[PDB]
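# Descriptive analysis of the structure
Here is how the chains run, residue by residue.
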Amino acid sequence: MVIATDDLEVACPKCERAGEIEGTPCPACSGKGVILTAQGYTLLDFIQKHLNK
Amino acid sequence: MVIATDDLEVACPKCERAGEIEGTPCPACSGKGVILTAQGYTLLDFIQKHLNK
Amino acid sequence: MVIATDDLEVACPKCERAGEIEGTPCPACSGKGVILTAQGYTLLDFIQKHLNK
Amino acid sequence: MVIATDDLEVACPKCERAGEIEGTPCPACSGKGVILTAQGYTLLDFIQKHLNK
Amino acid sequence: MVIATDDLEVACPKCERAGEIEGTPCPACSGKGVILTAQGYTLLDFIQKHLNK
Amino acid sequence: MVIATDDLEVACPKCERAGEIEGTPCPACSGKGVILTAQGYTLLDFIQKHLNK
Amino acid sequence: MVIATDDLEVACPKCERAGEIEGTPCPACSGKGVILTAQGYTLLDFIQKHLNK
Amino acid sequence: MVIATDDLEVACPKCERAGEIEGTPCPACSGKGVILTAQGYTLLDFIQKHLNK
Amino acid sequence: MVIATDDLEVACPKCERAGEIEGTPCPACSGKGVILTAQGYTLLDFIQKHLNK
Amino acid sequence: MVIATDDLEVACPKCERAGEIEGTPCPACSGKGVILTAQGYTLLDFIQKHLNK
Amino acid sequence: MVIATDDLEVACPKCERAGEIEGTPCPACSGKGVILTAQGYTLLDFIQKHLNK
Amino acid sequence: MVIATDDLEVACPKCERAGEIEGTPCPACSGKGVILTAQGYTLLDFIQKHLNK
Amino acid sequence: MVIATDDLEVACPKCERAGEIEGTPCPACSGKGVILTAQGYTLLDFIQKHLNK
Amino acid sequence: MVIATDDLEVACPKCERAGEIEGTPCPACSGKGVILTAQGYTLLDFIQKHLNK
Amino acid sequence: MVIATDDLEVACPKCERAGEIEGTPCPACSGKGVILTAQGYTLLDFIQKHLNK
Amino acid sequence: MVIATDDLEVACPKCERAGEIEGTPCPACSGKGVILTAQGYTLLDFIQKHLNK
Amino acid sequence: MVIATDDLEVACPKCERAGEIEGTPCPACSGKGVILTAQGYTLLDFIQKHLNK
Amino acid sequence: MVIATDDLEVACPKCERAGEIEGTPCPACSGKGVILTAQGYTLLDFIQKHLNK
Amino acid sequence: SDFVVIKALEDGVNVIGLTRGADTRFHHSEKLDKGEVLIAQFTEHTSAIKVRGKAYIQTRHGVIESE
Amino acid sequence: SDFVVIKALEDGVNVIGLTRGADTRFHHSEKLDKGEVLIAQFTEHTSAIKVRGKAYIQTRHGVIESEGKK
Amino acid sequence: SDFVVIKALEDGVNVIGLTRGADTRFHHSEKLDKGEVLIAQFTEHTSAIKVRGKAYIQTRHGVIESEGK
Amino acid sequence: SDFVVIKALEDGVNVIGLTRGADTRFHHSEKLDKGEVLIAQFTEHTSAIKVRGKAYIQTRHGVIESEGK
Amino acid sequence: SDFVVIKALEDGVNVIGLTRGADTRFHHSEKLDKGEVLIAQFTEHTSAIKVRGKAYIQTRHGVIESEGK
Amino acid sequence: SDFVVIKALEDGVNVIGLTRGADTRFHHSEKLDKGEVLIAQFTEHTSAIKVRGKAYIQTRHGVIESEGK
Amino acid sequence: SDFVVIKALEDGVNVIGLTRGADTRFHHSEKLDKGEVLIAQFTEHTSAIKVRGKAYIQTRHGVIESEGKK
Amino acid sequence: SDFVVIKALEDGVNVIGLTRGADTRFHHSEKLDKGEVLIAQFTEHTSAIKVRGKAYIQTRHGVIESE
Amino acid sequence: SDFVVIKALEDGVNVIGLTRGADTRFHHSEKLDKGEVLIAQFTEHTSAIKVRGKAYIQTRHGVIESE
Amino acid sequence: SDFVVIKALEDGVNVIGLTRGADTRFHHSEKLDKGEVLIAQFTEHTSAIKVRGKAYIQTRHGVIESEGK
Amino acid sequence: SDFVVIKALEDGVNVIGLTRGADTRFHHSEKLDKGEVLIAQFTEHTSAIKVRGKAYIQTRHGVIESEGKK
Amino acid sequence: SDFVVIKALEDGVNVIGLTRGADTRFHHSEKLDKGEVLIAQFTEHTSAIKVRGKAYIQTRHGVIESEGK
Ligand SMILES: N[C@@H](Cc1c[nH]c2ccccc12)C(=O)O
Ligand SMILES: N[C@@H](Cc1c[nH]c2ccccc12)C(=O)O
Ligand SMILES: N[C@@H](Cc1c[nH]c2ccccc12)C(=O)O
Ligand SMILES: N[C@@H](Cc1c[nH]c2ccccc12)C(=O)O
Ligand SMILES: N[C@@H](Cc1c[nH]c2ccccc12)C(=O)O
Ligand SMILES: N[C@@H](Cc1c[nH]c2ccccc12)C(=O)O
Ligand SMILES: N[C@@H](Cc1c[nH]c2ccccc12)C(=O)O
Ligand SMILES: N[C@@H](Cc1c[nH]c2ccccc12)C(=O)O
Ligand SMILES: N[C@@H](Cc1c[nH]c2ccccc12)C(=O)O
Ligand SMILES: N[C@@H](Cc1c[nH]c2ccccc12)C(=O)O
Ligand SMILES: N[C@@H](Cc1c[nH]c2ccccc12)C(=O)O
Ligand SMILES: N[C@@H](Cc1c[nH]c2ccccc12)C(=O)O
Ligand SMILES: [Zn+2]
Ligand SMILES: [Zn+2]
Ligand SMILES: [Zn+2]
Ligand SMILES: [Zn+2]
Ligand SMILES: [Zn+2]
Ligand SMILES: [Zn+2]
Ligand SMILES: [Zn+2]
Ligand SMILES: [Zn+2]
Ligand SMILES: [Zn+2]
Ligand SMILES: [Zn+2]
Ligand SMILES: [Zn+2]
Ligand SMILES: [Zn+2]
Ligand SMILES: [Zn+2]
Ligand SMILES: [Zn+2]
Ligand SMILES: [Zn+2]
Ligand SMILES: [Zn+2]
Ligand SMILES: [Zn+2]
Ligand SMILES: [Zn+2]
């Protein structure tokens, strides 16, 4: 396949994919546990824009 | 275009794309008429995850 | 990366991406300012179909 | 140094550090704009307890 | 001959002279299929200005 | 001047530039009285194509 | 390139390219601000003649 | 987290964290129920010193 | 222990920790006798902000 | 003689002293056929200024 | 040099060298903005005593 | 070049090249602002004499 | 001065600078009384040419 | 002694300590005959400021 | 402090710092009770000289 | 050069070259702003004496 | 003698001390025939200022 | 001072500085009482020349 | 304002412009086939450039070859 | 303005943009696989860049080779 | 402002100007035949230049040759 | 504006940003493990950078190696 | 602002100024015969310069020789 | 803006920031233990930096070593 | 601003100023005879300079010798 | 804006800041003991710096050693 | 702002200032005799300088000798 | 702003300031005798400087000697 | 801005600040004894600096050794 | 702004400041005796500096030695 999950997201190095730091929500990823690649936004922004229009 | 619908979905061989088996909704595809490729999930899961966050 | 925003959206030649023609909403693009490519619909249709199922 | 301000306070994702939501004080952070980390309470509790005894 | 078609137009490398990208009108050439040389504009602008005056 | 009218048009040998043969419009030139050189078409085609676009 | 705009249009020495003489439209250029060269007419004549025939 | 409450305070072995011995306030901990580590004092002393100055 | 008094304060080289210069309060340290490390402020500011809130 | 015609004017290289380019008045020299040297203006300006005063 | 202004005058910590507290003259420094060092008085007293004797 | 404007015109010392003395036209230069040199008259007289004869 | 009147004109030997021969206007000088040097023409022709253009 | 007269003043090189140049008061030193060192001002300014306050 | 009062003055051995001898003012110190060191004069003379100039 | 303006004029220390003391003309310099040096008078006297005799 | 005429004036190289160029007053020196040295102005300005005051 | 009055003028030996010989004005000095040195003339001439120009 | 030189050493090289601003997406990808050369500036709209496929690249910092 | 060159020497290199401002979080993380090259400027939004995984890096200060375990 | 030098080493070299701004299209494509030379600046309108066909190229970064298809 | 390169030569290296302004505390500390590289500018918010643990560092002033333990 | 030197190595060399702005046409072409030299700046109006015919050219980037025929 | 590099060659090195302005006091004193490195700029608030204890120092003027007490 | 040095190696060299602006004409043409030297700046009015006839030329880009036939 | 490096080669070195402006006094003197190093900029308030005691000094103009 | 050095190698060298602006005339010509040296800037009024007669000239572009 | 250095190698050297502006006259002429040195800037008032008599001269362009009449 | 380095090679060196402006007087004179060093900038108030007595001086133009008698 | 170094090689050297502006006179002359050094800037008031007497001089243009007597 041309596009993999690794091409869209990357696990946050700070919270090791957890989203919380010993209870409190992670700063770096902002509670998402993953940080998105440019390819990821590209699609997400695209979809979010035109969906249900 | 790099990725086409054929790259994401394939017609369900059981229901021949119908989604119902003589009235009752198809088991294999689960009423979708189409089954998803690995590439399909990759996107769908990605999107489903990050949309409206 | 394999697919860019250029691959999904193309600026509407009529309204030069504005979405309005001297006040009134553009006919060609339908107030979108952008005409979606085949690749664009491929995904948008795909997602719209399977999301929250 | 071993402990930074980042380790004590985390910007509230709801009010993006503001403390108010379009005028009215933020619910999540409770008007603080920041959510205190476990390390934060550890010290604050400790101090509040033993100070001026 | 001093001036050839080659000296006025060049086929759009993106759409290979087609003017459409899998259905939707090409961005680069803007549905023209060709992009013009300086020599091309020189004449076109000249003509367009003085014709029917 | 690089390019003269002689470079674009040539008097039709059949109608000697008239455009009619004893009343009826000339076949060879097609009522134009002049036939066009390759250079002539090159320009005409070019202009016809891009004018008012 | 073999033919430039300079080869087609020459600024009118009377109105210094303005097209008006202290308000009133210029006599020499005839409100054009530019005097057309022989090469200019060559093409304009040619085109005007054969266009949309 | 680098530093935990266990790093600052330790439950008093005499009163098992109670702070009273059959009614009367504990001698060892001095009614605190917890005894402080060197690390605990370090902070407390530091803060007590510089706070509100 | 991870953080020592040394990591929070440093004795003022001017007044050798005294806080007065032959009677009058020291300029450098501003009567404090110690100047604080970044780590020191980090905690003091943190505490001072959130205590009794 | 101290000052020659060559010290006042120089034949225009573009129109070879003609002043017209295949009918239309020359751009470079501006219909003068000659371009003036600094020495030329010096005198011409001088004279034009003080003559008939 | 052996004695500097810093050795004679120290900025008053109360009024931050202003000499007034929100309008009214500062108590601590006594409107001086500066507190004189022992070295300062040494000289000032010395001089005041023996000058014009 | 052998003759310069400096050789033809000299600024009038009375009006510093103005031509007016606090409003009224200068006497010395006679409203000229410049006094013509012998070389100046040589030419001016010469020309005035023989022009359009 | 580089060029003097003597450089431009010379008294006509026929009319001794008069311009008339016993009443009738002089042939040789053509009523000018003075004959022109090469240098004289050079200027006169130059000026006559470019003046008021 | 720590501070000498040489550390406070220096004889003006221009007037060799006189204060007058052949009758008229010296420019360089401004009639003082001496120019003050930084150490000199330091004390003088200090004293002048706080004396009789 | 670099210079102390002891550096400037010394108690007069004759009057034991009194300034009077059984009523009448002291000869040795000249009613000052204190005698000046070289360092004392150096300053006093310096100041006395430059003050209010 | 052997004699400078500094050698002739000295700025008046009273009016710091102004010539007026808070409005009223300066006494010391006598409204001159400058006090003339011996060298100054030497020449001025000399000239005033012998000029126009 | 310390100051010579040479130290005050210099003959104008343009007019060789004359002050006129073939009749008309010289530009460079401005009819003065000499240009002044710094030393020259120094005195002239000094005198002109203070004379008859 | 570089130049003194003695450097400019010398008392006339004939009239011993008087300017008159038993009533009648002195011949040698010409009623001036003082005769001028070369240095004197140098200045006087210079000034007389350039003053008020 | 800086620029990069990119020569493709194979067919199908991509130069991708990443968007200037708070969000990072790719607004554009130019394709190069073996030997084509693109010269691209950083702009009000491109604050990062990604190269994929075998290519020879020249920057103000010197040469680097992508694979 | 100032930029960096990053060439991945293995699959799964991450170039992480750290946010300009008072707070420091990762707004973006681009993936590079072996051989891909990113050229990234410092911006109104990126004031620090973190690289993890084996990569060859060129900066205005000269070359440095990252060694990162992933 | 910066420029590039482009000398075509064959007929039919194209110098393509890509548009400055949010959108990236080719506003212009100049043709060069073998030996012709174009000197082009980056402008308010051109923020990228694409060369195709065999050509000798000079930039502020040094020389680079484009190869023919 | 200036920047520094920091390559960690061990696990658990810290790059600590000290706050620009009248007060000096640390607003942030980035962790680096053996081999990670951070490239950090001085900012409106960082006016000093502290490194602890074994690391290779490149500045405008040249290379310096921070020593751990 | 930049400029170029062009010396024609044959008769009939053309230096063509391409117009600055959204549109690209040629406002002017100067003719050079063998040996003539033109020195031309980039301007508010010229953002690209095209040379055709055998010519020796000097730019800020160094020498390049345009080839005719 | 200018910075300095400071590497401690022993425990307990102090980097002291002296206040910009009319008055000169120590607003801050950072401690470094053996091997730690501080990179500090001059700022709106720091116009002088004092180092005490054995340390290796890099400035725009070149390297200089502070010696221990 | 930027200037050129032009030394004529024969009689009748022409230095021709081409006008700055939309239109390109020759506002001026200075003659040089063998050995004379002109030093001319680019100006608000001259945006191109043409030399014809044998001449030695110095620019910011280095020397070039014009060969012009007249 | 310029600065100086000063390393004390003995105890009791003084770096003295002379005041910027019409009047020249010393607002401050920093003491250095053997080996301490001060790095001082010229400022809105210091327009001259005086060094006394044995010290090694680095300026934009090169090294000079005071005694 | 640029300037030129001109040393005359013979009597009667002329340095001629050509006027800045739309029109080009010579406002001034300075004469130099053998050995005199003129140092002239380009100005709000001189945008070109012409030298005639044997002279040694120094410009920002290097030496050239007129004949 | 630019200056020149002029050392007279004989008595009676003249440094002449030619006036900045439309008109060109000598506002000033300084005399130098053998060995004296003048250091003169170009100013709002001097846009050309003429030297006559044997003199050693230093400019930004290098050294040149004026010869005596 | 531009500064000077002055190291006294004897006792009683004087560094004298000459006032910026129309008038030229000595507003200040700092004493240096053998070995002391002054680093002084040109300022809004000092436009010339005079050194007298034996001293080693460093300027932007290079080193010069003053020899002054006192 | 520029400055010059002047070291007197004899007693009674004069450094003379010539006034900036339309008029040129000398507002000031500093005396130097053998070995004294003056360091003088060009100013809003001094646009030329004259040296007379034996002196060693350093400018931006290099060294020149003024000769007395
Ligand atoms: N949108 C991001 C893109 C970017 C530029 N440089 C980067 C470095 C790292 C990560 C992302 C980026 C920005 O403008 O800042
Ligand atoms: N948000 C921080 C990011 C940062 C830049 N440089 C740093 C150095 C260390 C720590 C964080 C940073 C800032 O812009 O200031
Ligand atoms: N329209 C884009 C063109 C561009 C510039 N640099 C690029 C790098 C890659 C891709 C496209 C571009 C822009 O100006 O930003
Ligand atoms: N908050 C301090 C941080 C700092 C910068 N440079 C320093 C040097 C020393 C001590 C602290 C600092 C400031 O902005 O100034
Ligand atoms: N009209 C175009 C001309 C141009 C400049 N540089 C270019 C590069 C390629 C193509 C065209 C151009 C512009 O101003 O941008
Ligand atoms: N507060 C002083 C600190 C200072 C800077 N440079 C100095 C030199 C010496 C002594 C103190 C200083 C100032 O900013 O000016
Ligand atoms: N008046 C013209 C003079 C000039 C300057 N440089 C030139 C070059 C060539 C021809 C004339 C000139 C101008 O200012 O532009
Ligand atoms: N009028 C044109 C002159 C010009 C300058 N450079 C050129 C290059 C080629 C052709 C003409 C020109 C312009 O200023 O733009
Ligand atoms: N007044 C003229 C003086 C001048 C400057 N450069 C020149 C060159 C030649 C002749 C005179 C001049 C001007 O300022 O422009
Ligand atoms: N207050 C003086 C201090 C000074 C600076 N540089 C000097 C040089 C010499 C003498 C004094 C100074 C000034 O600002 O000007
Ligand atoms: N007051 C004079 C001081 C001065 C500076 N440079 C000089 C040279 C010579 C004589 C005096 C000076 C001025 O500022 O202009
Ligand atoms: N008053 C003149 C002094 C001057 C400066 N440079 C010169 C050169 C020559 C003659 C005088 C001067 C001026 O400001 O211009
Ligand atoms: Zn996280
Ligand atoms: Zn199914
Ligand atoms: Zn549309
Ligand atoms: Zn919140
Ligand atoms: Zn297309
Ligand atoms: Zn026919
Ligand atoms: Zn007209
Ligand atoms: Zn207990
Ligand atoms: Zn203290
Ligand atoms: Zn013509
Ligand atoms: Zn107080
Ligand atoms: Zn008049
Ligand atoms: Zn006759
Ligand atoms: Zn005095
Ligand atoms: Zn007594
Ligand atoms: Zn007075
Ligand atoms: Zn004259
Ligand atoms: Zn008598």
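Cut-off values and rules
Residues numbered from 1 in each chain as written, not as in the entry; some residues may be left out. Chains lettered and ligands numbered in written order. Heavy atoms only, no water. Pairing = 2+ DSSP bridges. Helix = DSSP H or I, 4+ residues; strand = E, 2+ residues; numbered from the N terminus. Axes fitted to C-alpha atoms, helices over the stretch in contact; angles between N-to-C directions. Donors = N, O, S within 2.8 Å, 3.2 Å for Na, K, Ca; no water. Buried < 20%, exposed > 50% of the residue type's maximum accessible area, 1.4 Å probe, protein only. Contact = heavy atoms within 4.5 Å. Buried area = accessible area lost by both parts, 1.4 Å probe. Salt bridge = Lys/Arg side-chain N within 4 Å of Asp/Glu carboxyl O. Polar contact = N/O pair within 3.5 Å; in protein donor to acceptor, adjacent residues only side chain to side chain. Nonpolar A, V, L, I, M, F, W, Y, C, P; charged D, E, K, R; others polar. Near = heavy atom within 4 Å. Areas by Shrake-Rupley, 256 points an atom, 1.4 Å probe, with all protein chains shown as cover. UniProt positions renumbered as here; feature names shortened; annotations may be inferred. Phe/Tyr/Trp six-rings, centres within 6.5 Å; stacked < 30°, edge-to-face > 60°. Expected span 1.5 Å × (residues − 1).

Turning to the sheet that holds strand 2 (residues 13-19) of chain S, a few remarks are in order. The sheet built from 7 strands is open, its strands ordered 3(S)-2(S)-5(S)-4(T)-1(T)-6(T)-7(T) with antiparallel pairing. This sheet does not close on itself; its edge strands, each paired only once, are strand 3 (26-32) of chain S together with strand 7 (62-67) of chain T. Direction aside, neighbouring strands of the sheet carry axes that sit 20° apart on average. Looking at chain direction, strand 6 (residues 54-59) of chain T and strand 7 of chain T are connected through 6 bridges and run antiparallel. Within the sheet, the bridge partner assigned to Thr 59 of chain T lies in strand 7 of chain T and is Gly 62 of chain T.

All names here are of chain P. At 1.6 to 2.8 Å from the zinc ion (ligand 28) lie its protein donor atoms, namely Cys 12 (SG) and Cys 26 (SG). Of this pair, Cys 12 sits in the loop between strand 1 (9-11) and strand 2 (20-21) while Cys 26 sits in the loop between strand 3 (24-25) and strand 4 (34-36), and the two are 14 residues apart along the sequence. Here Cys 12 falls in the buried class, since its relative accessible area comes to 1%.

Attention now moves to the interface of chain W and chain U. Listed per partner, the contact involves 26 residues of chain W and 24 residues of chain U. Summed over both partners, the interface of chain W with chain U buries about 2,100 Å², with 55% contributed by carbon and sulfur atoms. Counting the surface chain W buries against chain U, the share from its top three residues, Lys 50, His 61 and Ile 64 of chain W, is 30%. Between chain W and chain U we count 3 salt bridges in total. Counting across the interface, chain W meets chain U through 12 residue pairs in polar contact. Among the elements of the structure, strand 5 (46-52), strand 6 (55-59) and strand 7 (62-66) of chain W are those that each provide at least two residues to the side of chain W that touches chain U. With 7 residues, the top contributor of residues to the side of chain W that touches chain U is strand 5 of chain W. Each residue belonging to the side of chain W that touches chain U can be placed in one class, and the counts come to 10 nonpolar, 9 polar and 7 charged.

This part covers the pairing of strand 4 (residues 37-41) of chain T. Extensive coverage of strand 4 of chain T is indicated by the burial of 5 of its 5 residues. In terms of strand pairing, strand 5 (residues 46-52) of chain S meets strand 4 of chain T through 4 bridges, oriented antiparallel. Within the sheet, the bridge partner assigned to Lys 50 of chain S lies in strand 4 of chain T and is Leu 38 of chain T. Bridging between strand 1 (residues 3-8) of chain T and strand 4 of chain T involves 5 bridges; their strand directions are antiparallel. Within the sheet, the bridge partner assigned to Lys 7 of chain T lies in strand 4 of chain T and is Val 37 of chain T.

This brings us to the site of ligand 11. The environment of ligand 11 is made up of 15 residues, and the closest members are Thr 19, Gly 21, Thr 24 and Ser 47 of chain AC together with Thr 43 of chain AD. The local environment of ligand 11 is shared, drawing residues from chains AC and AD. The separation between a nitrogen atom of ligand 11 and a polar side-chain atom of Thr 24 of chain AC is 2.9 Å. A distance of 2.6 Å separates an oxygen atom of ligand 11 from a polar side-chain atom of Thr 43 of chain AD. Contact with the protein chains covers 99% of the free accessible surface of ligand 11, which is 360 Å².

To continue, consider the UniProt feature "repeat: CXXCXGXG motif" in chain A. All names here are of chain A. Under the UniProt annotation, the feature "repeat: CXXCXGXG motif" is placed at residues 12-19 and 26-33. Helix makes up 0% of residues 12-19 and strand 0%, whereas the separation of the span's terminal C-alpha atoms amounts to 8 Å. Taken end to end, residues 26-33 is 0% helix and 0% strand, and its first and last C-alpha atoms sit 8 Å apart.

Take the interface of chain P and chain N next. Between chain P and chain N, the contact holds 6 residues from the first and 5 residues from the second. When chain P packs against chain N, the two sides together hide about 410 Å² of surface, and 67% of this comes from carbon and sulfur. On the chain P side of the contact with chain N, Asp 6, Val 10 and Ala 38 of chain P bury the most area, a combined 64% of that side's loss. On inspection of chain P and its partner chain N, the count reaches 0 salt bridges. Taken together, the connections running from chain P to chain N amount to 0 residue pairs in polar contact. The residue makeup of the side of chain P that touches chain N, split by class, is 4 nonpolar, 1 polar and 1 charged.

Enumeration over the complete set of coordinates arrives at 12 aromatic pairs over all chains. Centroid distance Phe 42 of chain V to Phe 3 of chain X: 6.4 Å. Interplanar angle 35°. Geometry classified as tilted. Taken together, the residues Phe 42 of chain V in the loop between strand 4 (37-41) and strand 5 (46-52) and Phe 3 of chain X in strand 1 (residues 3-8) connect one chain to another.

Structurally, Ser 47 of chain AD can be placed in strand 5 (residues 46-52). With relative accessibility at 8%, the residue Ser 47 of chain AD sits in the buried group. In contact with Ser 47 of chain AD, other than residues within four places in its own chain, are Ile 39, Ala 40, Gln 41 and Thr 43 of chain AB together with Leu 18, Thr 19, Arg 20 and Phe 42 of chain AD.

Here the focus is the sheet that holds strand 7 (residues 62-66) of chain V. Strand order in this open sheet of 7 strands is 3(T)-2(T)-5(T)-4(V)-1(V)-6(V)-7(V), and the pairing throughout is antiparallel. Strands at the two margins of the open sheet, each flanked by one partner only, are strand 3 (26-32) of chain T together with strand 7 of chain V. Mean inter-strand twist for the sheet, computed between neighbouring axes without regard to direction, equals 20°. Note that strand 2 (residues 13-19) of chain T and strand 3 of chain T share 6 bridges and pair antiparallel. Across the sheet, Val 13 of chain T pairs through a bridge with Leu 32 of chain T, a residue of strand 3 of chain T.

On to the coordination of the zinc ion (ligand 21), then. Residue and element names in this part refer to chain I. Of the protein atoms, only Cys 12 (SG), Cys 15 (SG), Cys 26 (SG) and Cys 29 (SG) coordinate the zinc ion (ligand 21), at distances of 2.3 to 2.5 Å. All donors to the zinc ion (ligand 21) come from one chain, and their sequence spacing reads C-x2-C-x10-C-x2-C. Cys 29 matches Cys 26 in its accessibility class, with the two residues each being buried.

Next up on the list: the environment of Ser 66 of chain T. Locating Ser 66 of chain T in the fold gives a position in strand 7. Setting aside its immediate chain neighbours within four residues, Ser 66 of chain T contacts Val 51, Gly 53, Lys 54, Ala 55 and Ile 57 of chain T together with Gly 35 and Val 37 of chain V. One polar contact links the side chain of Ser 66 of chain T to the main-chain carbonyl oxygen of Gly 53 of chain T, over a distance of 2.6 Å.

Moving on to helix 1 (residues 38-50) of chain M. Over its 13 residues, helix 1 of chain M extends 18 Å from the first C-alpha to the last, a length consistent with the 18 Å expected when each residue adds 1.5 Å. Taken residue by residue, helix 1 of chain M has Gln 39, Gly 40, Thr 42, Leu 43, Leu 44, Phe 46, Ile 47 and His 50 of chain M as its buried positions. Against strand 1 (9-11), strand 4 (34-36) and helix 1 (38-50) of chain J, helix 1 (38-50) of chain L together with strand 4 (34-36) of chain M lie the buried residues of helix 1 of chain M. Count one or two residues on from helix 1 of chain M and you reach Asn 52 of chain M, which has phi positive near 60°.

Another point: the site of ligand 9. Around ligand 9, 16 residues are found, and the nearest of them are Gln 41 and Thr 43 of chain AA together with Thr 19, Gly 21 and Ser 47 of chain AB. In this structure, ligand 9 sits where chains AA and AB come together, each supplying nearby residues. Contacts to ligand 9 include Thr 46 of chain AA, whose side-chain N or O atom sits 3.0 Å from an oxygen atom. A distance of 3.0 Å separates a nitrogen atom of ligand 9 from a polar atom in the side chain of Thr 24 of chain AB.

So, on to the pairing of strand 5 of chain AD. All names here are of chain AD. Burial analysis of strand 5 places 6 of its 7 residues in the buried class, the great majority of the element. Pairing analysis gives 6 bridges linking strand 2 (residues 13-19) to strand 5, with the strands arranged antiparallel. Following the sheet pairing, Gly 17 is matched in strand 5 by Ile 49.

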